[PDB]
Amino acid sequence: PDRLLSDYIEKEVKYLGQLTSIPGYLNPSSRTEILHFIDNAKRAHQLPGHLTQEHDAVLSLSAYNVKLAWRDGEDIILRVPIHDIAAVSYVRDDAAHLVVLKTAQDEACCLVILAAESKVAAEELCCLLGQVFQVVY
């Protein structure tokens, strides 16, 4: 594609939550670190343990930003400009195909914790986000 400037793409995801005050030196290539902060967030109940459909969101992707919105009321959960996105990582937990966005903060950073419906979906999200990273200059 290259309709990232003039149009938007929507994908199926689950929104687990947003982790804040995470060390800015976090390596998005590191499974152990990301899972460290995620597991810690789960023990503190800042993230849900298992995925229901109450966590069903639409991810709208464009050259301007990444937008997440609930499926119920479609109220906007968060809006992250592409230049505020440091990276996107696919972490495969057992049943959860986690897609984690390392983003800037509104030097610490934020981890947007998402869950794709499958492996190919997560890899697709990472590819699309890569293309978006590239079309913006």
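Sequential numbering from 1, following the sequence displayed.
- According to the record, no deposited residue between residue 75 and residue 76 is left without atomic coordinates.
- In this entry, the higher average B-factor at the C-alpha atoms falls on 46 to 54, of the pair 91 to 99 and 46 to 54.
- Averaged over CA atoms, B-factors in the entry run higher in 22 to 30 than in the other of 81 to 89 and 22 to 30.
- In this PDB entry, residue 122 carries a Cα temperature factor that places it within the middle third of its chain's modelled residues.
- Ranked against the other modelled residues of its chain, the C-alpha B-factor of residue 71 as given in the entry falls in the highest third.
- When the CA B factors of the chain's modelled residues are split into thirds, the value for residue 65 lands in the lowest one.
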